[PDB]
Amino acid sequence: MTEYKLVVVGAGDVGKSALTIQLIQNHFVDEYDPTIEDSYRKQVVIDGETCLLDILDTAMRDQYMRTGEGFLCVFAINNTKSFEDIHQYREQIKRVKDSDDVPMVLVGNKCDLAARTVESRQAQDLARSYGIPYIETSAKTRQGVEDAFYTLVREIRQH
Ligand SMILES: Nc1nc2c(ncn2[C@@H]2O[C@H](COP(=O)(O)OP(=O)(O)NP(=O)(O)O)[C@@H](O)[C@H]2O)c(=O)[nH]1
Ligand SMILES: [Ca+2]
Ligand SMILES: [Mg+2]
């Protein structure tokens with residue numbers, strides 16, 4: 001079966017682990033729940049293709065990073081700095097992959113919140129400038145979580 005190596009990156013506490021554990025185990029990380037594990041493997045069927053997903057939940061990180069085939073770049077919609085950090089995460093990925101054209105989706109997480117400081121349009125516009133999809137997610141409600149990871153798999157297949 002086909003394999004996909006996915007890497008989840010982003011600033012602290014944006015929800016990298018929550019998104020990954022929600023996709024892998026269908027439960028929501030809260031305050032004091034374990035996010036010590038950094039790697040996850042899951043067999044899933046995606047558009048009729050049985051897929052083996054390796055997911056690296058980032059906190060020898062560079063050797064792991066270089067092997068990623070696609071990247072979820074995550075910020076939280078109530079964390080302006082995490083959104084401003086995205087450009088640096090993308091630049092790092094581009095350098096370690098040695099490519100201007102890496103499968104990537106921009107994820108705006110925590111879209112369940114009743115107040116936000118990062119507007120959807122400005123994330124939409126940044127993603128357009130990168131040529132990549134933008135998906136708003138909630139690891140809490142599961143909204144868009146499968147959409148984000150599967151869209152990333154589809155971007156890797158398009159590559
Ligand atoms: N309301 C809400 N809170 C969320 C959501 N996703 C994560 N959180 C909360 O945000 C905090 C950090 O989540 P976590 O997944 O650990 O983030 P992280 O990016 O893995 N942090 P770290 O860099 O420490 O690995 C936790 O309190 C978690 O419950 C979400 O979609 N909605
Ligand atoms: Ca293999
Ligand atoms: Mg984490």
Side-chain angles (χ1 to χ4, degrees), residues 1-30 32-35 37-46 49-59 62 64-80 82-87 89-91 93 96-97 103-120 122-124 126-127 133-153 156-157 159:
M1 51 167 143
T2 301
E3 305 176 356
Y4 298 95
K5 266 64 181 163
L6 315 182
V7 182
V8 181
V9 308
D13 289 321
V14 298
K16 305 183 288 302
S17 300
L19 284 165
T20 306
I21 291 167
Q22 184 58 259
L23 171 88
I24 291 287
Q25 312 171 1
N26 207 324
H27 159 63
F28 173 63
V29 178
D30 51 53
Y32 298 112
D33 277 342
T35 78
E37 180 53 86
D38 57 312
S39 63
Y40 300 79
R41 174 169 292 150
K42 188 177 173 76
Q43 188 182 306
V44 295
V45 174
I46 296 183
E49 189 186 68
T50 170
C51 303
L52 191 65
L53 304 191
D54 286 16
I55 304 172
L56 174 74
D57 176 29
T58 63
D62 292 354
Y64 278 68
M65 286 253 303
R66 152 95 171 181
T67 67
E69 297 174 292
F71 298 75
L72 284 197
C73 296
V74 186
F75 67 99
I77 61 154
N78 71 330
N79 185 337
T80 295
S82 81
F83 177 76
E84 301 173 333
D85 286 349
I86 287 286
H87 189 79
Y89 285 111
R90 183 181 165 262
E91 282 308 317
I93 293 171
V96 183
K97 299 293 298 178
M104 194 172 283
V105 350
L106 179 66
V107 176
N109 192 42
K110 307 194 186 180
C111 72
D112 55 287
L113 297 168
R116 62 190 291 160
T117 56
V118 184
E119 296 165 26
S120 175
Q122 67 193 123
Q124 256 169 75
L126 182 68
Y134 172 58
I135 298 162
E136 296 217 337
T137 64
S138 169
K140 195 184 156 193
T141 73
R142 277 191 59 96
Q143 191 190 314
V145 173
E146 284 190 69
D147 203 352
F149 281 101
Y150 290 6
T151 296
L152 179 59
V153 173
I156 298 166
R157 304 204 282 234
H159 198 242

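Note that ligands are numbered from 1 as they come in the structure, with each ligand's atoms numbered from 1 the same way. Hydrogens, waters and symmetry mates play no part in the numbers below; they use all other heavy atoms, side chains included. Counting begins at 1 with the first residue of the sequence.
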For this session: Hey, could you give me the CG/CG distance between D13 and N79, rounded to the nearest 0.5 Å?
Result: 8.5 Å
For this session: May I ask you to identify, for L113, whether its side chain, its backbone, both or neither come under 4.0 Å of ligand 1 on a heavy-atom basis?
Result: side chain
For this session: Output yes when the distance from some N or O of ligand 1 to some N or O of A139 is under 3.5 Å, and no in every other case.
Result: yes
For this session: Go through ligand 1 atom by atom and flag the ones less than 4.0 Å from a non-hydrogen atom of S17.
Result: 15 (O), 20 (O)
Exercise. Which atoms of ligand 1 sit under 4.0 Å from any heavy atom of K140?
Worked result: 1 (N), 30 (C), 31 (O), 32 (N)
For this session: Using a 4.5 Å cut-off on heavy atoms from C-beta on, say whether the side chain of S82 contacts that of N109.
Result: no
For this session: Look only at interatomic distance and state if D112 has a nitrogen or oxygen under 3.5 Å from any nitrogen or oxygen of ligand 1.
Result: yes
Exercise. Just how far is it from atom CG of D85 to atom OG1 of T80, taken to the nearest 0.5 Å?
Worked result: 10.5 Å
Exercise. Quick one: which ligand 1 atoms are inside 4.0 Å of a heavy atom on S138?
Worked result: 31 (O)
Exercise. Just going by heavy-atom distances, which of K110, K16, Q22 is nearest to atom 5 (C) of ligand 1?
Worked result: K110
Seminar exercise, completed: Per side-chain hydrogen bond (donor to acceptor under 3.5 Å, both in side chains), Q22 is matched among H27, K140, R142 by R142
Problem set entry | N or O pair under 3.5 Å between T137 and ligand 1 | no
For this session: Answer yes or no: does an N/O atom from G12 fall short of 3.5 Å to an N/O atom of ligand 1?
Result: no
For this session: Using a 4.5 Å cut-off on heavy atoms from C-beta on, say whether the side chain of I21 contacts that of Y40.
Result: yes
Seminar exercise, completed: Between the CD atom in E146 and the CD1 atom in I135, the distance rounded to the nearest 0.5 Å is 12.0 Å
Exercise. What atoms of ligand 1 come within less than 4.0 Å of a heavy atom belonging to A18?
Worked result: 6 (N), 7 (C), 15 (O)
For this session: Assign the ring pair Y134 / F75 to parallel, tilted or perpendicular, where the plane angle (0 to 90°) is split at 30° and 60°.
Result: parallel
For this session: Return a yes/no value for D13: is any of its N or O atoms, backbone included, closer than 3.5 angstrom to an N or O of ligand 1?
Result: yes
Problem set entry | ligand 1 atoms in contact with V29 (distance to a heavy atom under 4.0 Å) | 28 (C), 29 (O)
Exercise. Do any nitrogen or oxygen atoms of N109 lie less than 3.5 angstrom from nitrogen or oxygen atoms of ligand 1?
Worked result: yes
For this session: Report the distance from atom CD of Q124 to atom CD of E119, rounding to the nearest 0.5 Å.
Result: 11.0 Å
For this session: Tell me, please, if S17 has any N/O/S atom, main chain or side chain, under 2.8 Å from the Mg ion (ligand 3)?
Result: yes
Exercise. To the nearest 0.5 Å, how far apart are CD1 in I46 and OG1 in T151?
Worked result: 9.5 Å
Problem set entry | N or O pair under 3.5 Å between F28 and ligand 1 | no
For this session: Supply the atom-to-atom distance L23 CG to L6 CG, rounded to the nearest 0.5 angstrom.
Result: 8.5 Å
